[PDB]
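This document contains two forms of one protein chain, each encoded as structure tokens and listed individually as structure 1 and structure 2.
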Structure 1
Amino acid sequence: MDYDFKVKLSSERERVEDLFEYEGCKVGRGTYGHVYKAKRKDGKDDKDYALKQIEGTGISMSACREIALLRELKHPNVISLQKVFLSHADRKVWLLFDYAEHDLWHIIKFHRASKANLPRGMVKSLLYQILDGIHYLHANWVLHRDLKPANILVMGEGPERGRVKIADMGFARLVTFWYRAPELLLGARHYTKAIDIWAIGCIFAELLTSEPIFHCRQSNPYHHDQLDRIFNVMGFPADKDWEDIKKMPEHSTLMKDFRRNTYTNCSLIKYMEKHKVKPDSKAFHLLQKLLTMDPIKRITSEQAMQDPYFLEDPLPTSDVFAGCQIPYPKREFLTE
């Protein structure tokens, strides 16, 4: 390499640890890496930032995907990438984002805790915004591949108050499956838009009841205990309800392991009736159209946004909290 070019780039190169204060402030840890609540060292801001060090060294397929996609995506309901820091010394990649004080995992947990011890259309506004962002991704032929409450962020106090931000575009491809569509559990060889739509339905049922609808206990692309949990809620799919179930790679394993009569009184109706959600409501009918067993018989995000449920009072708001003092506590830190 040219020495003059090397020293000049090194001098210009902005360092993550010189620009931000984040040590000790880790709010998340997972396969995606480490997320921190950061503050600018120069003080010409006072804003809070989400700073992510990507898992592993170098440009992984996952890091590659998130950087490539976030660089092109511009939607109010999809988290915006602001900066990329390439820590040359240790081959670590850091990503700068605005800080979302809340996420759907923490909000749902708060409600679940309260039951053991949601203003008008907060659930509806969260749904419309989740749908809106996924619709923009699907329009641009981008699949989330791993939608779940933890990566559905929601902004706290500030100019974007109560706005949904879809996070983690790094699920690249070549122990919990509560949000995996039934076709994936039967060895479907591709990710599709309907897989993200199935996932949105699980979040919608979790927002309406506080419980993960397909909550199942803890390598093989076929998961029995999870498929059993799906049938306990939905029921066993009739031949007419999903004709291409026969075409799934794990179909004869499903026939060997399961029996239609086990789930004879199982329906989404009976499940939501127990969780005090009226089956004749417009919220139920929309939920049912998202939670369809057959991926080809599953509604689209564009179609979901046109549902009359969004026209029914109250209308969705741009601020899911709608003025109301956010009862949710701020995100607590971790220790590594």
Structure 2
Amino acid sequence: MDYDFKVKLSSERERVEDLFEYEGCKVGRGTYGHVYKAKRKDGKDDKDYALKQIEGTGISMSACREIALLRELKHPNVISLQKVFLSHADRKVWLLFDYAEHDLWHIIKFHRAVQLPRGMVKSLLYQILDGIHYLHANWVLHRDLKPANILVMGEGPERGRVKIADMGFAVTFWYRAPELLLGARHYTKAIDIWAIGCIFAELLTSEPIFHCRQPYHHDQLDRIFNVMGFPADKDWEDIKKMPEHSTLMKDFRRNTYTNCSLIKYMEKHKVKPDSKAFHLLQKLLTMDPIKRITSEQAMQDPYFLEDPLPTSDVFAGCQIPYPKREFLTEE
């Protein structure tokens, strides 16, 4: 490589350490790498950013796909890539996102330990639906939707805005659609919609609807049938075409679940089966993926026209009682 070109680039290259203060501000460590709550050293910007050093070196398939997609996606309810820093000496990649103080895992947990207000649940569901509709319209599947990935913005100019995160760019099964558990070989839009149905139930009751003790997972299916009932042939005609259909027939009898229904489960948790909430939830939690509602159809549901209307800020101008993210050690 030409020497003049090399030094000019090394002179002018923005380095993550020079632009951002993140010493001792680690908020996450996982398989993804390390994430910090960072502020600009320059001072002109006052906002916090989420600063991720990706795990490993170089540019893996998953890193490449994540950078490639996040570089194109632009929507209020999907968390957006602000900048990429490439550190050449060590071949480490840093991604800068907008910082979300909260998420549904921590919010639901705060209420499970004081009911989760029903205006907030509607507003959360709508913004989740809006974000996934945008992704689905661009043929981008999430592939692992759950409360941990549904981030919510804290105080600032995007207060109470849902931000979808951690799309599948390239254990617990509580949010997995029954076709996945019966051996379906491909992720679909419908699989994301089932997961959204599970989250909505959990937001209404504070309990994961298909909670189960830790492709074919018998106990997870048992919990879906204890909640939903066992599907009649008429409800899911192509269930016979699922790879694990005979295993299902071997292990399960429909007789076992004859007193089970979504209506009975939700009634136990003080959600009326005549409510628009419930009718929407039942459309999202349809066992047959081809009979499941789409994100667009769900957004048009009359649930969202019923008092109270959804709000842009899911906290509705009220005080945020949820605690800020804990700092972690560098160990």
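Sequence positions of structure 1, starting at 1, serve as the residue numbers. Between two forms, the rigid core is defined as the largest C-alpha subset superposing within 1.5 Å.
Fit the rigid core and compare the CA positions between structures 1 and 2: of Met272, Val27, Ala304, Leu287, just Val27 moves by 2 angstroms or more. Positional change of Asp90 between structures 1 and 2 reaches 2 Å or more at the C-alpha, relative to the superposed core. Core-superposed comparison between structures 1 and 2: the C-alpha position of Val16 differs by no less than 2 Å.
In the rigid-core superposition between structures 1 and 2, residue position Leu81 carries a C-alpha shift of 0.5 Å. Per-residue C-alpha deviation between structures 1 and 2, core superposed: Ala63, 1.8 Å.
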